[PDB]
Amino acid sequence: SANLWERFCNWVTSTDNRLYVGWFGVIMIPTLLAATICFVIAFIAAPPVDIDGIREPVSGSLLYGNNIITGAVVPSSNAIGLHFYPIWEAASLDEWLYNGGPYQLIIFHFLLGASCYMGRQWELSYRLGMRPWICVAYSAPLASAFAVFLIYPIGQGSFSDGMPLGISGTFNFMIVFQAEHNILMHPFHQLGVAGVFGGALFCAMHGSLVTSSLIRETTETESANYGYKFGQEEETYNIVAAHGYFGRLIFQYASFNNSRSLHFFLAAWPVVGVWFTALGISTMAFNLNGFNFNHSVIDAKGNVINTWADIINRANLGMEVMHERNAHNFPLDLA
Amino acid sequence: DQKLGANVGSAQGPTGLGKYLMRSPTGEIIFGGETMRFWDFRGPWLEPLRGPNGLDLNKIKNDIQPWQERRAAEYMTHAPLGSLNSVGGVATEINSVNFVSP
Amino acid sequence: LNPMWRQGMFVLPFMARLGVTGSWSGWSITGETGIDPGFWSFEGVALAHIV
Amino acid sequence: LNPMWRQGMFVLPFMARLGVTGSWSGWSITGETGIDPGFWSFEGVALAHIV
Amino acid sequence: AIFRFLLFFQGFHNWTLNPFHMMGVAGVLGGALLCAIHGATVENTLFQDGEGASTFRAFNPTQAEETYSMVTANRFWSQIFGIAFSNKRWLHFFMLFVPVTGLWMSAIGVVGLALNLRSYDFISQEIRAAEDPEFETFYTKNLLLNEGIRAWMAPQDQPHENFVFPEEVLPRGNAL
Amino acid sequence: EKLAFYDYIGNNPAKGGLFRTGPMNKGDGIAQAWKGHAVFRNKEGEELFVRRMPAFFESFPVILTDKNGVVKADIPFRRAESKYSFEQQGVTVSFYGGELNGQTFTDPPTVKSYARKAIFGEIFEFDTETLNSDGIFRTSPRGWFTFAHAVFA
Amino acid sequence: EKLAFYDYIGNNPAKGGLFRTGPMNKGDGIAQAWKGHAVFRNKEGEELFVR
Amino acid sequence: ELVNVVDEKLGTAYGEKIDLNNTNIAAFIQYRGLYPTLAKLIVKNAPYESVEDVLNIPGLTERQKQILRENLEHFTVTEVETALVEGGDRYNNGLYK
Amino acid sequence: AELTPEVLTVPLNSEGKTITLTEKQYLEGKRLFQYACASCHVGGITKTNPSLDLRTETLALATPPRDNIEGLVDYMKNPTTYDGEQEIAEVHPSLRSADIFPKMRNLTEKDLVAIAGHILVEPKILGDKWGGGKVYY
Amino acid sequence: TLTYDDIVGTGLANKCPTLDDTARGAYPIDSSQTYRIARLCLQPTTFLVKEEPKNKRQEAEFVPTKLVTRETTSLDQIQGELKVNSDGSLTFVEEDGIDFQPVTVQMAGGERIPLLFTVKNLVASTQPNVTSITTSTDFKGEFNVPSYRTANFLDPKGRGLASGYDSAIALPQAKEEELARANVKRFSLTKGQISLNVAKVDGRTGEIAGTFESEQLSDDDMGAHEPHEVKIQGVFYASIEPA
Ligand code: CLA
Ligand code: CLA
Ligand code: CLA
Ligand code: CLA
Ligand SMILES: CC(C)=CCC/C(C)=C/CC/C(C)=C/CC/C(C)=C/CC/C(C)=C/CC/C(C)=C/CC/C(C)=C/CC/C(C)=C/CC/C(C)=C/CC1=CC(=O)C(C)=C(C)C1=O
Ligand SMILES: CCCCCCCCCCCCCCCC(=O)OC[C@H](CO[C@@H]1O[C@H](CS(=O)(=O)O)[C@@H](O)[C@H](O)[C@H]1O)OC(=O)CCCCCCCCCCCCCCC
Ligand SMILES: [Ca+2]
Ligand SMILES: [Cl-]
C-alpha cells in the first residue's frame, strides 16, 4: 500500500470515476442523500404540520389526503421561529413531525449539498484542465434557493415563512409575497423575468439559427442528426451563413459573428438576470419592497385618480386581508 | 385594551392561544399573536416588564410607565417596512409618510 | 371484533408470529398502549426490506 | 328540463339539425309520439356509418 | 396594466394550478437554463487559440476546427450530472424545442380560459373540505386568497358592473 | 318552464372547469321542476333584488338592492357590525307560479337559502341522487365543441 | 365477546368465493358488537334450536 | 336544530341598539361622552336584568348618571351570549378599521 | 373640479361662525400633517387605536366638540379622551408636552391652525376615504 | 433566586415552584382575617384520554397520550381570595391569571386530541373545620371550560360562527341538509372537576404544594364532532398570604 490515506485521496479525486465524487462531494453526497430520503418519506407519509404556530395543522402529504399538485412538505412552526429544531430537540418524533421538524432537516441539508455541488462544479473543471466559471453560472439558481429557503426566513424572523416544498405550497409563497411586498412592482423582479423570458428567447434564437444552418451530410430520409460524429475536428454548422441570415433579419452590426462573444452573451444574460431576481427576494426579506404608487396622480381638487397601480393594490389587499385567517390579533402585519 | 378593563392574562384569542400573552416552546410567558416568533427580543423599554419567567402579569398589570407606552407607540408606527420609492408602511399603504428605516 | 384477519391482512400476521407486534405510532397487535416496540416495528420491518 | 345538451350529448344534436329527430323505439327529440321516423332514425344513421 | 392581468388570472381562473401553464413555465424556466448552462459550458471548455487572456479575439470567424472541446464538455457533465450531450446537432435542436413547446402549451391553457374552462378546483378536495372542517391543504389556503382577490378588486376592476360591496360582505380574516 | 330554464346560470357555458367532466347533470343535478319566481321584500314591504352572479365569479356574495340600486339587505361576513343582515331587515320571500307558487317564507335561514339561490337566476328543483351529482357547474356541449376546435385550429 | 365471535359461520374460511375479493369485512360488514345469545321458545314454553 | 346564535341575535334587540350584556365596548363611541370611563364601567359591571340597572353602578358621579339617563333610549338588554362574551371579545373582537 | 375657496370654508367655532382657509394654509397644513401626524394618523385613521378616527362626525360627537378650528387647536395643546374626563398629553403629542414629543416644538399657533384646517378640509375632498381604512384605498 | 436569563431555554419556566422535603408543617387560619392566594400554579404531568368503547359498551378507561405540542402546558399567576367559611372551611375563588393553556396530545392510532386545559372560574373548597392547613387538605371544586376555538375562528373553507361563510361555497348547487353540522358553528361551554390535594405545607412562609387531578372535555371543533373526555394529572403550588 503506497499509503492508505494517500490512496483514498487519489480515489476520491480520481477523474476515472463514473460520477466524480469530489472533496466537496464527500460532504455533498451524504447531505443530499439525507435531504432526498427525508423528503420522499415526508411528502408521502408525514402528518399535519402547525406551520403558523396557532395549533391549526396543515396536512401536505399524499397519504393524508393530498395529490402531487397540492401535496407539499410544510415549513417548521412559527412558534419555533428561527430556533434550531433538530430531531434530538424533541420529546418524541410525534412532536417533531407536528412542529414541522422535517422541513429544517431538508432545507439545511439541501442548501448545504447544493453549495458543495457548486464547489464540485469547480473541482472537476480543475481536474480536467478546463476553465472554471461554469460553477459561477450555477451560482444564480443556487443563490435563489438560498434566498427563498434561508435569507427570506432569517429576514422575516421565522422559517415558517420560507417557501414550502410543494407545487401549490409554492403558489402560496408567491401570492402572499406579492401582497406583502408588491414584487411585480420591483426592479429586481422585472430584471428577473427579463433574464428568464430573454433566456428562453435567446435559447430559441441560438437553437434555431444553428440547427437551421447545418452543413448537409444526411440523406433525405435519414435523421439530420446523424450528420455529426462525437469527436469531430471541424464545425457542424455554417456560423457564417447563420450570421448572414440573422444579420439581414435585423441589421448586420446587431448580429453576432463571433461564436465566443455569442456564447458569453448566451450565458451572461440569464445568470445576471436571475442574480438580480435572487437579490430581489433577499432584499425584500428586509422589507424594502417594490414601488408604491398608490394615490399618486390626484386631480385639481384633491380627488384620487386611479391608475393601474391602484387596481393592483385592490388585488393585493384581497390577498393580505385573507391570508392566514386566524393568525393575526392586531392591526399592522409586522411579521 | 387593559385600560378598557380587559384581563390580559386570561384573554383567549380566535385560535384559543392567548390574544395578548402566551407561552414560548420552553415555557416562558411572551407576547401573543404572530409576534410569538420574536420572543427572543430584548430591549430597554421592554425589560422592566420581564420577570424571572418572562413578562410578569403583575408588572404588566400596574407597572407600565407612560414613557414605555409612547415608546411602544413610536416604534410600532416606525417598523422597518417600506417601498423603494420610500413610502413607509405595508405594500398596500397610501402615500403620505415618506420613510424607510435606516 | 375487528382483528387483522377480518381486514384481509396477509403479511401482517407473519410479522406477529415471530415477534413484531407493534407500530411506531403507538398501537399494538395485542391491543396494548404505552408499549415501545423499538426499531423493529411493522414500519421497521417494512423499512428494512425496501433497503 | 332535461334536453340533450344537459345530458352531455355531442353527436345527437348534429343529427337533429339536418332532420333525424326520431328513434325506432318510438320517441322523438321534439317530444312527440306515434311518429314514424322511417329508416333514418338515430339508430339508422348510426347503423349506416358502421357499415 | 399587465400585472393586474396576472393577478386577475390567479384570483379568477386559478391559472397557476393549470397543467398547461405549468408546462409553460417549465419550458421558459427550463429554456432559460439551457441558455445559461450551454453558454457557460462553452466559454469554459474553450481551446486556446491565442496568447491573450481575453480569449474573445482568439476566434476564427471562418469556421474550421470546433472552437470549444465538445469532447471535454461531454465528460464534464457526464461526471457531475450523470447525463451529458454528445451531438451538437441534437443539443441545438433541443434548445429550439423546449422553449417553443412550452409557450405553445401555455397558449392552449389560455384558449381554454377564454371559455372559462379553467383548472380551478379539485373536486375530491372540496368534498372532504365541506364535510370535514379540520382538513387543510396548501390548495384550500390558495382558494381563499382568490376569494379575497375577487371580492376586493372586482369593484374598481369591472366598473361597468356598478358593484357595491358593503363592508360587512367583504371577506376578511381576523384583525386584518 | 322551458323559458324560465334558460334564465339559469347553470346553463351558461361560461361556467365550468377543464377537468369537470361529464354532462351538466353531474353538476347541479337533473332538473325536475321550476320552484317559481322568488320575490324578496323587507319589513317596509319594499321589494328587493338579488344581484346576479357574473360568469367570471366562481363564488359571489348575496346582496339585495331596491329599484334604484340602493343596498337594502345582504348576508354579512363579519357579523360584528352588520347593518343589513336579513334578520335586522325582516327580509321575506314569496313565490309565484311553479312548485312553491302562492307560498311565503319568513324564517331567516330559509329566506337566505333561496336568496343564496336567486343569484343564479330562476330557482329550480334538482334530482342530485340518480347521477350522484356533486353540485359543481359543468359546461354544455356548445362549450366543449368550442374549446376543442379553438385548440385544434 | 371474542369467544362468541369465533362461533359465527361468517368467519369460517370454507365460506366465500373465488372472485369474492377483498377483506371479510366487504361481506357481512365490520363487526361492532355481540347482540347476544338467542333462545327460541314456542307457546308451550319449550325451547327450540336452530339447525 | 343547529343555528348560528350570532346571526340569530341580530334579529333581536341586539342589532338595533347597544346591548349592555353582549355588544362590544367600541360601540359606545357613537354617542357623546360614553366611551372611555363609562363604557368601561358598563362592560366591566357584569350583566344587567334591565337597562335601568346601569344607573345603579356603584360610584357613578351625579353627572355620569345624568349622561346615562340621556342615552338609555340607545340601549337594550338580552341574554348573555357566550359566543359574544367569551375570549374577552367585548374589549377586542378582532375588528379595526 | 377644483379646490375652490368654497371648499376651504370650514367651521371656526362652536357658535356656527366659520373661517376660510387659503391654498397656502391648506398645503402648509397638509405638509405639517405629514410631519407630525401621518406617522399614526395616515389617511384619517389611527394606527395605535383604530377605534377613533378623524372623521368630522366622529370629532363632532367628541367631548368637548373637536369638529372646528377652535376644537382641534385646543386638543393639539391639551389632548383629552373621547369623553374629555381625562388629559392624555403624556402619551399624545401636544404643546404642553413638546419636551416629550420634539416634533411639536417648532409648531407655532400658525401651524396648529393649518393642521386643524387640514383635518376638516380633507373629508370634504376625499369623503368616505378619509375616515375608513384599507377598505376604501 | 434566578434571573430570566438563568431560566431561558431550559424549560424551567414551565415548572411550578417546589418545596423541600422538610416543609411538611402547617399554616394557621385566623378565621377573622381575610386571606387570599397570591399565586396558584398548575403543572401537568400526564394527560389521559378516555377511549370510546366502540359500539360494544364494555366500560372505557383512560389511556396515556404523547404531548405533541411542547412545554407550554402549565397554568400560572392564578389569584383570588381564599375566604374562610362559617363551618370553618376554606373556599378559593379565582379572579384572574394565566388560567388556561391549549394543549394537544396524540394517541395510539395517531389521532391528535386538542383540549383547552384550564381552570377558569375555579371554586375549590376544603373540609369543614380547618383551622390549619396540614399536608393533604383536599381542595375540590368546579371550573368552566369555554370552547377551544373562539367566535372568530374560521375553518379551512372560510366558514365561521361570529364571522365567515354561510355554507360550502365550493359546492354551489349541492344539497345542504348533509352539510348542516359543518356549516353551522356552535360554541360549546361546559363544566370541569378538579381536586388539589396538599402534600407539603410550610406555615412559616405560608406556601403549600401538592398534586392535582382534573377532568374535562376536549375540543369539539365548533361542534363538528364529539369531544373526548380527558383526565389531567400533575402538581401545584400555592402562595397563601393574609392581605
Ligand atoms: C415561475 C414563474 C412563471 C413563469 C416562468 C411564467 C411563464 C409564463 N407565463 Mg406566467 N404567471 C405566473 C408565473 C410564471 N409565469 C404567475 C404567478 C401568474 C399569476 C397567476 C402568471 C400569469 C400568467 C398569465 C395570465 C399568462 C402567463 C403567461 C406566461 C407565458 C408567456 C409569456 C411570454 O413569453 O410572453 C411573450 C409575449 C408575446 C405576446 C410574444 C409576442 C411579443 C412581440 C414578439 C414583441 C414585440 C416587441 C417590440 C418589437 C418592441 C416594442 C416594445 C417597446 C416598449 C420597446 C410564460 C410561459 C401567458 C401565457 O400563458 O400566454 C400564452 C399568459 O397569458 N402567465
Ligand atoms: C404585446 C406583447 C408584449 C410585449 C411587447 C411585452 C413587453 C415587455 N414586457 Mg411583457 N408580458 C406580455 C406581453 C408583452 N410584454 C404578456 C402577454 C404577459 C403575461 C400576461 C407579460 C408579462 C410580463 C411581465 C410579468 C413582465 C413583463 C415585462 C416586460 C418588459 C420587459 C420584458 C423583457 O425583458 O423581455 C425579454 C425579451 C428581450 C430580451 C427582448 C428585448 C426587446 C425590447 C422590447 C427592446 C426592443 C428594441 C426597441 C424596439 C427599440 C429598437 C429601435 C432601435 C433599433 C433604433 C417589456 C416592456 C417586465 C417588466 O415589467 O419590466 C419593466 C415584467 O416583469 N411582461
Ligand atoms: C399468492 C399470495 C397472495 C395471497 C394469498 C394474497 C391474499 C390476499 N390479498 Mg394479496 N397480493 C399478492 C399476493 C397474495 N395476496 C401480491 C403479489 C400482490 C401485489 C400485486 C397483492 C396485492 C394485494 C392487494 C393490493 C390487496 C390484496 C388483498 C388480499 C386479500 C384479499 C383476497 C383477494 O383479494 O383475493 C383475490 C383473488 C383473485 C382475484 C384470484 C386470482 C385468480 C386469477 C384470476 C387466475 C388467473 C388465471 C390465468 C389467467 C389462466 C391462464 C393460464 C392458461 C393460459 C394456461 C387476501 C388475504 C387485499 C386486501 O388488502 O384486503 C383488505 C388488497 O387490497 N393483495
Ligand atoms: C373533440 C371532440 C369531442 C368533444 C367536443 C367531446 C365532447 C364531449 N364528450 Mg366526448 N368523445 C370524443 C370527442 C369529443 N367529445 C371522442 C373522440 C371520444 C371517443 C373516445 C369521446 C368519448 C366520450 C365519452 C365516452 C363521453 C364523452 C362525453 C362528452 C361530453 C362531456 C365532456 C367531457 O367529458 O370532457 C372531458 C374533457 C377532458 C378531460 C379534456 C382532455 C384534455 C387532455 C387531458 C389534454 C391532453 C394534453 C396532452 C397530454 C399534453 C401533451 C403535449 C406535450 C407532450 C407537448 C362532451 C360534450 C361524455 C358524455 O357522454 O356526457 C354525458 C362521455 O361519457 N365523450
Ligand atoms: C414522493 C413523490 C411522488 C415525489 C413528488 C415530488 C414532486 C412534487 C415532483 C413533481 C414533478 C412534476 C410532475 C413536475 C411537472 C413539470 C413538467 C413535467 C412539465 C411538463 C413538461 C412538458 C412536456 C412541457 C413542454 C415544455 C418543455 C419541452 C420543457 C422541457 C424542459 C427540459 C426537460 C429541459 C432540460 C433542462 C436540463 C436540466 C438539461 C441539461 C442538459 C445538459 C446536462 C446539458 C449540459 C451541456 C451543455 C453544453 O453546452 C454541452 C456542449 C454539453 C456536452 C452538455 O452536456
Ligand atoms: C453514514 C455514512 C454512510 C456510508 C455508506 C457506506 C459507503 C458507501 C457505499 C456505497 C454503496 C452504493 C454504491 C453506488 C455505486 C455507484 O454509485 O456507481 C459506481 C461508480 C463507480 O465507482 C467506482 O467503482 C469501483 C468498483 S466497481 O467498478 O464498482 O467494481 C471502485 O474501484 C472505485 O473506487 C469506485 O469509484 O461510483 C462512482 O463513480 C463514484 C461516485 C459515487 C457517487 C455516490 C452517489 C452520489 C449521490 C449524489 C446525491 C444524489 C441525491 C439523491 C439522488 C437520487
Ligand atoms: Ca377515538
Ligand atoms: Cl395563507
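Just so it is clear, chain E uses Swiss-Prot numbers, and the residues here are 177-352, in order.
For this deposited structure, the header notes the method as X-ray crystallography, 6.6 Å.
Just so you know, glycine gets a Cβ as well, placed from its N, Cα and C.
As written in Swiss-Prot, here are the features:
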- E:194-217: transmembrane segment (TRANSMEM)
- E:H197: chlorophyll a PD2 binding site (BINDING)
- E:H214, E:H268: Fe cation binding site (BINDING)
- E:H214, E:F261: plastoquinone binding site (BINDING)
- E:218-265: topological domain 'Cytoplasmic' (TOPO_DOM)
- E:266-288: transmembrane segment (TRANSMEM)
- E:289-352: topological domain 'Lumenal' (TOPO_DOM)
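What Swiss-Prot annotates, mapped onto the structure for a quick look.
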{"residue": "E:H197", "record": "chlorophyll a PD2 binding site", "Cβ contacts under 8 Å, 6 or more apart": "E:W191, E:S282, E:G285"}
{"residue": "E:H214", "record": "Fe cation binding site", "Cβ contacts under 8 Å, 6 or more apart": "E:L267, E:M271"}
{"residue": "E:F261", "record": "plastoquinone binding site", "Cβ contacts under 8 Å, 6 or more apart": "E:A249, E:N250, E:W253, E:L267"}
{"residue": "E:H268", "record": "Fe cation binding site", "Cβ contacts under 8 Å, 6 or more apart": "none"}
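Under DSSP, the residues of the topological domain 'Cytoplasmic' (E:218-265) split into helix, strand and coil as follows: 15 helix, 3 strand, 30 coil. In three-state terms derived from DSSP, E:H214 (Fe cation binding site) belongs to a helical segment. Taking a Cβ cut-off of under 6 Å from any atom of ligand 5, the binding-site residues E:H197, E:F261, E:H268 reduce to E:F261. Note: the topological domain 'Lumenal' (E:289-352) comprises 34 helix, 1 strand, 29 coil (DSSP; helix = H, G, I, strand = E, B). In the three-state DSSP classification, E:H268 (Fe cation binding site) falls within a helix.
For chain A, the nearby binding-site residues by a Cβ gap under 8 A, listed in sequence order, are E:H214, E:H268, drawn from E:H197, E:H214, E:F261, E:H268.
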